[PDB]
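A.B. asks: Dropping in upload_2.cif, which is mmCIF, C-alpha atoms:
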```
data_protein
#
loop_
_atom_site.label_atom_id
_atom_site.label_comp_id
_atom_site.auth_asym_id
_atom_site.auth_seq_id
_atom_site.Cartn_x
_atom_site.Cartn_y
_atom_site.Cartn_z
CA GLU A 4 -232.06 31.10 -38.52
CA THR A 5 -233.25 32.95 -35.33
CA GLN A 6 -235.85 35.75 -34.98
CA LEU A 7 -233.11 38.12 -33.77
CA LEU A 8 -230.89 37.41 -36.81
CA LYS A 9 -233.79 37.95 -39.26
CA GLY A 10 -234.68 41.24 -37.56
CA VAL A 11 -231.09 42.48 -37.82
CA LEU A 12 -230.56 41.69 -41.55
CA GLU A 13 -233.97 43.21 -42.37
CA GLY A 14 -232.94 46.51 -40.75
CA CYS A 15 -229.41 46.30 -42.22
CA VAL A 16 -230.62 45.51 -45.80
CA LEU A 17 -233.19 48.35 -45.51
CA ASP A 18 -230.50 50.79 -44.24
CA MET A 19 -228.04 49.85 -47.03
CA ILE A 20 -230.75 50.46 -49.68
CA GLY A 21 -231.39 53.86 -48.01
CA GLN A 22 -227.71 54.94 -48.13
CA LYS A 23 -227.26 53.93 -51.78
CA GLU A 24 -229.60 52.45 -54.39
CA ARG A 25 -228.29 48.86 -54.83
CA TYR A 26 -228.93 45.72 -56.90
CA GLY A 27 -229.08 42.14 -55.53
CA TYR A 28 -225.45 41.09 -56.19
CA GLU A 29 -223.92 44.25 -54.76
CA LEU A 30 -226.14 44.09 -51.63
CA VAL A 31 -224.88 40.55 -50.79
CA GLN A 32 -221.26 41.78 -51.21
CA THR A 33 -221.88 44.87 -49.03
CA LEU A 34 -223.41 42.51 -46.42
CA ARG A 35 -220.37 40.17 -46.49
CA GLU A 36 -218.02 43.19 -46.13
CA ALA A 37 -220.01 44.33 -43.05
CA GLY A 38 -219.38 40.97 -41.34
CA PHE A 39 -222.01 38.61 -42.77
CA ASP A 40 -219.29 36.21 -44.01
CA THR A 41 -221.41 33.06 -43.71
CA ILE A 42 -224.58 34.01 -45.66
CA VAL A 43 -225.21 31.29 -48.26
CA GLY A 45 -229.35 32.65 -52.00
CA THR A 46 -230.88 33.59 -48.61
CA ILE A 47 -230.85 37.37 -49.25
CA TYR A 48 -233.06 37.63 -52.36
CA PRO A 49 -236.04 36.01 -50.52
CA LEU A 50 -235.81 38.99 -48.09
CA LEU A 51 -235.56 41.46 -51.02
CA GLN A 52 -238.59 39.70 -52.57
CA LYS A 53 -240.58 40.17 -49.32
CA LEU A 54 -239.69 43.87 -48.95
CA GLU A 55 -240.60 44.65 -52.60
CA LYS A 56 -243.97 42.85 -52.26
CA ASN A 57 -244.50 44.68 -48.92
CA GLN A 58 -243.96 47.94 -50.90
CA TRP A 59 -241.07 48.93 -48.58
CA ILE A 60 -238.59 48.95 -51.48
CA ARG A 61 -238.90 49.12 -55.28
CA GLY A 62 -236.92 47.43 -58.06
CA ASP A 63 -236.24 49.34 -61.29
CA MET A 64 -234.09 48.29 -64.26
CA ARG A 65 -231.09 50.56 -65.04
CA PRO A 66 -227.44 50.22 -66.27
CA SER A 67 -224.80 48.97 -63.79
CA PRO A 68 -221.28 50.58 -63.90
CA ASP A 69 -220.05 48.02 -66.47
CA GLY A 70 -223.07 48.48 -68.77
CA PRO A 71 -225.58 45.60 -68.22
CA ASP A 72 -229.04 46.40 -66.84
CA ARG A 73 -229.59 45.34 -63.24
CA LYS A 74 -232.62 45.66 -60.94
CA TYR A 75 -231.72 48.46 -58.50
CA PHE A 76 -233.57 48.56 -55.19
CA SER A 77 -234.48 51.91 -53.58
CA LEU A 78 -236.65 52.74 -50.54
CA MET A 79 -240.38 53.48 -50.82
CA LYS A 80 -242.14 55.83 -48.37
CA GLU A 81 -242.94 52.89 -46.05
CA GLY A 82 -239.35 51.54 -46.22
CA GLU A 83 -237.68 54.74 -44.97
CA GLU A 84 -240.16 54.75 -42.04
CA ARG A 85 -239.33 51.08 -41.29
CA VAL A 86 -235.59 51.86 -41.12
CA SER A 87 -236.06 54.87 -38.80
CA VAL A 88 -238.23 52.49 -36.70
CA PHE A 89 -235.33 49.98 -36.87
CA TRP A 90 -232.69 52.44 -35.61
CA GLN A 91 -234.92 53.63 -32.76
CA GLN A 92 -235.74 50.01 -31.86
CA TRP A 93 -232.06 49.02 -32.11
CA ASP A 94 -230.96 51.93 -29.85
CA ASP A 95 -233.77 51.10 -27.37
CA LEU A 96 -233.14 47.34 -27.17
CA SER A 97 -229.33 47.78 -26.96
CA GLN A 98 -229.53 49.79 -23.70
CA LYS A 99 -232.17 47.39 -22.29
CA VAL A 100 -229.98 44.33 -23.08
CA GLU A 101 -226.90 46.06 -21.57
CA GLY A 102 -228.88 46.62 -18.33
CA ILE A 103 -229.98 42.96 -18.11
CA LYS A 104 -226.51 41.57 -18.98
CA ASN A 105 -224.90 43.34 -15.99
CA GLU B 4 -244.42 43.16 -32.92
CA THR B 5 -241.18 42.91 -35.04
CA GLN B 6 -238.83 39.92 -35.51
CA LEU B 7 -236.02 41.88 -33.81
CA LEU B 8 -238.17 42.64 -30.73
CA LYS B 9 -239.27 38.98 -30.38
CA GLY B 10 -235.65 37.82 -30.65
CA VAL B 11 -234.55 40.25 -27.92
CA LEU B 12 -237.26 39.34 -25.33
CA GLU B 13 -236.66 35.62 -25.99
CA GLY B 14 -232.96 36.01 -25.12
CA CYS B 15 -233.74 38.37 -22.21
CA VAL B 16 -236.46 36.08 -20.70
CA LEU B 17 -234.10 33.09 -21.10
CA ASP B 18 -231.22 35.00 -19.43
CA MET B 19 -233.41 36.15 -16.50
CA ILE B 20 -234.54 32.54 -15.88
CA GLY B 21 -230.83 31.54 -15.93
CA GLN B 22 -229.78 34.15 -13.32
CA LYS B 23 -232.62 33.28 -10.94
CA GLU B 24 -235.45 30.74 -11.04
CA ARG B 25 -238.59 32.90 -11.56
CA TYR B 26 -242.38 32.57 -11.82
CA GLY B 27 -244.59 34.32 -14.44
CA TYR B 28 -245.61 37.40 -12.40
CA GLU B 29 -242.10 38.18 -11.19
CA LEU B 30 -240.62 37.76 -14.70
CA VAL B 31 -243.01 40.42 -16.13
CA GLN B 32 -242.00 42.80 -13.29
CA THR B 33 -238.27 42.14 -13.83
CA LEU B 34 -238.86 42.84 -17.55
CA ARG B 35 -240.65 46.16 -16.82
CA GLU B 36 -237.81 47.19 -14.45
CA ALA B 37 -235.27 46.48 -17.24
CA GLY B 38 -237.06 48.94 -19.56
CA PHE B 39 -239.97 46.97 -21.04
CA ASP B 40 -242.48 49.54 -19.70
CA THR B 41 -245.05 49.02 -22.46
CA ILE B 42 -245.54 45.21 -22.44
CA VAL B 43 -249.28 44.52 -22.14
CA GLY B 45 -250.50 38.99 -21.21
CA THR B 46 -247.92 38.87 -24.05
CA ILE B 47 -245.14 37.28 -21.94
CA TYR B 48 -246.79 34.00 -20.86
CA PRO B 49 -247.29 32.90 -24.53
CA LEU B 50 -243.46 33.10 -24.82
CA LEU B 51 -243.03 31.16 -21.54
CA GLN B 52 -245.53 28.59 -22.89
CA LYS B 53 -243.45 28.20 -26.10
CA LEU B 54 -240.13 27.79 -24.25
CA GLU B 55 -241.58 25.17 -21.83
CA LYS B 56 -243.08 23.16 -24.74
CA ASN B 57 -239.73 23.54 -26.60
CA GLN B 58 -238.10 21.96 -23.48
CA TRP B 59 -235.82 25.02 -23.08
CA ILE B 60 -237.27 25.80 -19.63
CA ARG B 61 -239.26 23.83 -17.05
CA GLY B 62 -242.10 24.85 -14.72
CA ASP B 63 -242.27 23.33 -11.22
CA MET B 64 -244.67 24.19 -8.38
CA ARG B 65 -243.05 25.53 -5.17
CA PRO B 66 -243.79 28.14 -2.41
CA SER B 67 -243.29 31.84 -3.24
CA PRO B 68 -241.80 34.14 -0.50
CA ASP B 69 -245.28 34.95 0.89
CA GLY B 70 -246.37 31.28 1.03
CA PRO B 71 -248.59 30.46 -2.01
CA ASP B 72 -247.37 27.91 -4.57
CA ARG B 73 -246.27 29.40 -7.88
CA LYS B 74 -244.91 27.79 -11.05
CA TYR B 75 -241.17 28.60 -11.05
CA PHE B 76 -239.36 28.47 -14.39
CA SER B 77 -235.74 27.23 -14.57
CA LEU B 78 -233.48 26.48 -17.56
CA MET B 79 -233.26 23.00 -19.12
CA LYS B 80 -230.05 21.78 -20.82
CA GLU B 81 -231.24 23.17 -24.18
CA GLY B 82 -232.23 26.54 -22.64
CA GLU B 83 -228.79 27.34 -21.21
CA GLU B 84 -227.29 26.56 -24.66
CA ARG B 85 -229.87 28.87 -26.32
CA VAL B 86 -228.90 31.77 -24.01
CA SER B 87 -225.14 31.32 -24.61
CA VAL B 88 -226.07 31.28 -28.33
CA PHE B 89 -228.07 34.50 -27.69
CA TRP B 90 -225.17 36.36 -26.03
CA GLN B 91 -222.73 35.33 -28.78
CA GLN B 92 -225.28 36.33 -31.45
CA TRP B 93 -226.01 39.62 -29.65
CA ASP B 94 -222.27 40.48 -29.37
CA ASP B 95 -221.75 39.52 -33.04
CA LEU B 96 -224.71 41.47 -34.47
CA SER B 97 -224.01 44.56 -32.30
CA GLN B 98 -220.54 45.09 -33.85
CA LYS B 99 -221.89 44.38 -37.36
CA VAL B 100 -224.73 46.93 -36.91
CA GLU B 101 -222.27 49.53 -35.51
CA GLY B 102 -220.12 49.10 -38.66
CA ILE B 103 -223.10 49.58 -41.01
CA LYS B 104 -224.53 52.56 -39.07
CA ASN B 105 -221.29 54.57 -39.52
#
```
Can I see the file as structure tokens?
C.D. replies:
Amino acid sequence: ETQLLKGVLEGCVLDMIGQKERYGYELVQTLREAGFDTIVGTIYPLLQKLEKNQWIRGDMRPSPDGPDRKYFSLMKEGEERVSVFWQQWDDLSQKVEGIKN
Amino acid sequence: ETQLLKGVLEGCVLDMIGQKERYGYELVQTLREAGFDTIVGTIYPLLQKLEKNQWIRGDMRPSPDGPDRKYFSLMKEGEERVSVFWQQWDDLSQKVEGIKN
């Protein structure tokens, strides 16, 4: 949808991958549990973009049940992009607050 | 710059035009005073997009000194887009808070 929405899920997906190495299915479920109730296969295109951008990397390893899944973890560029995100989020939040009132 | 940043200034520019009918120069100055210190002619491309999108309209009328300036005011679509913005901003703020902690 909107530029704002895309910016937020980028930062959020990047942050989640930073906290814990996650595969595609478990990222969508973590996203839903955070409040993204209404996300329809719209997440893996973003994961595809980030991997190709060399922000994250996908490596095959065993999930907790025992099938191999592609786990995403942050690259050097990705952990910079998420620190950028949190600084930009903190900055824009206080700006928006000021305008609102 | 980023998708997040673009989304924020869109909403903010739209909101400012809603509060008070403004021309290009005075919008940039209102934006700087809100915290956008480091915005370089990057604002008028956005105003151009919104006018063409029929979200805002530009009409020529006298500024407080007496020269005619193009004042931007919200169209029917624009005032919907800003209510959408504030709902989306409120929604994403509480989601991001939840993920952060």
A.B. asks: Show me a table, sorted first by chain and then by increasing residue number, of the residues of chain A having an atom at most 10 Å from chain B, each with its shortest atom pair and the distance in Å to one decimal, counting only C-alpha atoms and written as JSON lines.
C.D. replies:
```
{"residue": "A:5", "atom": "CA", "partner": "B:10", "partner_atom": "CA", "distance": 7.2}
{"residue": "A:6", "atom": "CA", "partner": "B:10", "partner_atom": "CA", "distance": 4.8}
{"residue": "A:7", "atom": "CA", "partner": "B:10", "partner_atom": "CA", "distance": 4.0}
{"residue": "A:8", "atom": "CA", "partner": "B:7", "partner_atom": "CA", "distance": 7.4}
{"residue": "A:9", "atom": "CA", "partner": "B:6", "partner_atom": "CA", "distance": 6.6}
{"residue": "A:10", "atom": "CA", "partner": "B:7", "partner_atom": "CA", "distance": 4.0}
{"residue": "A:11", "atom": "CA", "partner": "B:7", "partner_atom": "CA", "distance": 6.4}
{"residue": "A:12", "atom": "CA", "partner": "B:100", "partner_atom": "CA", "distance": 9.1}
{"residue": "A:13", "atom": "CA", "partner": "B:7", "partner_atom": "CA", "distance": 8.9}
{"residue": "A:14", "atom": "CA", "partner": "B:7", "partner_atom": "CA", "distance": 8.9}
{"residue": "A:15", "atom": "CA", "partner": "B:100", "partner_atom": "CA", "distance": 7.1}
{"residue": "A:16", "atom": "CA", "partner": "B:103", "partner_atom": "CA", "distance": 9.8}
{"residue": "A:18", "atom": "CA", "partner": "B:104", "partner_atom": "CA", "distance": 8.1}
{"residue": "A:19", "atom": "CA", "partner": "B:103", "partner_atom": "CA", "distance": 7.8}
{"residue": "A:22", "atom": "CA", "partner": "B:104", "partner_atom": "CA", "distance": 9.9}
{"residue": "A:33", "atom": "CA", "partner": "B:103", "partner_atom": "CA", "distance": 9.4}
{"residue": "A:34", "atom": "CA", "partner": "B:103", "partner_atom": "CA", "distance": 8.9}
{"residue": "A:36", "atom": "CA", "partner": "B:103", "partner_atom": "CA", "distance": 9.6}
{"residue": "A:37", "atom": "CA", "partner": "B:99", "partner_atom": "CA", "distance": 6.0}
{"residue": "A:38", "atom": "CA", "partner": "B:99", "partner_atom": "CA", "distance": 5.8}
{"residue": "A:39", "atom": "CA", "partner": "B:99", "partner_atom": "CA", "distance": 7.9}
{"residue": "A:89", "atom": "CA", "partner": "B:7", "partner_atom": "CA", "distance": 8.7}
{"residue": "A:90", "atom": "CA", "partner": "B:104", "partner_atom": "CA", "distance": 8.9}
{"residue": "A:92", "atom": "CA", "partner": "B:8", "partner_atom": "CA", "distance": 7.8}
{"residue": "A:93", "atom": "CA", "partner": "B:7", "partner_atom": "CA", "distance": 8.3}
{"residue": "A:95", "atom": "CA", "partner": "B:38", "partner_atom": "CA", "distance": 8.7}
{"residue": "A:96", "atom": "CA", "partner": "B:11", "partner_atom": "CA", "distance": 7.3}
{"residue": "A:97", "atom": "CA", "partner": "B:97", "partner_atom": "CA", "distance": 8.2}
{"residue": "A:98", "atom": "CA", "partner": "B:38", "partner_atom": "CA", "distance": 8.6}
{"residue": "A:99", "atom": "CA", "partner": "B:38", "partner_atom": "CA", "distance": 5.8}
{"residue": "A:100", "atom": "CA", "partner": "B:15", "partner_atom": "CA", "distance": 7.1}
{"residue": "A:101", "atom": "CA", "partner": "B:37", "partner_atom": "CA", "distance": 9.4}
{"residue": "A:102", "atom": "CA", "partner": "B:37", "partner_atom": "CA", "distance": 6.5}
{"residue": "A:103", "atom": "CA", "partner": "B:37", "partner_atom": "CA", "distance": 6.4}
{"residue": "A:104", "atom": "CA", "partner": "B:18", "partner_atom": "CA", "distance": 8.1}
```
A.B. asks: What do you get, as an MDAnalysis selection string, if you spell out every residue that the PyMOL selection byres ((chain B and resi 55) around 12) selects here?
C.D. replies: chainID B and resid 17 20 48:54 56:63 74:79 81:82
A.B. asks: Can you measure atom CA of residue 4 of chain B to atom CA of residue 41 of chain B for me? One decimal in Å is fine.
C.D. replies: 12.0 Å
A.B. asks: Provide the atom CA of residue 40 of chain A to atom CA of residue 85 of chain B distance in Å, to one decimal place.
C.D. replies: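 According to the coordinates, atom CA of residue 40 of chain A and atom CA of residue 85 of chain B are separated by 21.9 Å.
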A.B. asks: Separation of atom CA of residue 83 of chain A and atom CA of residue 21 of chain A, in Å?
C.D. replies: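 The value is 7.0 Å.
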A.B. asks: Just want the 9 Å neighbourhood of residue 73 of chain A, counted on all atoms listed in the file, with same-chain residues fewer than 2 positions away dropped. Output as a PDB file with C-alpha atoms, keeping the file's coordinate frame.
C.D. replies:
```
ATOM      1  CA  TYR A  26    -228.930  45.720 -56.900  1.00  0.00           C
ATOM      2  CA  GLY A  27    -229.080  42.140 -55.530  1.00  0.00           C
ATOM      3  CA  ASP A  63    -236.240  49.340 -61.290  1.00  0.00           C
ATOM      4  CA  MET A  64    -234.090  48.290 -64.260  1.00  0.00           C
ATOM      5  CA  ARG A  65    -231.090  50.560 -65.040  1.00  0.00           C
ATOM      6  CA  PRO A  66    -227.440  50.220 -66.270  1.00  0.00           C
ATOM      7  CA  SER A  67    -224.800  48.970 -63.790  1.00  0.00           C
ATOM      8  CA  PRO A  71    -225.580  45.600 -68.220  1.00  0.00           C
ATOM      9  CA  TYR A  75    -231.720  48.460 -58.500  1.00  0.00           C
TER      10      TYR A  75
END
```
A.B. asks: Using 6 Å of padding on each side, determine the axis-aligned box around all atoms of segment 65-79 of chain A present in the file and give its centre and edge lengths in Å to one decimal, as AutoDock Vina command-line options.
C.D. replies:
```
--center_x -230.2 --center_y 49.4 --center_z -59.7 --size_x 32.3 --size_y 20.1 --size_z 30.2
```
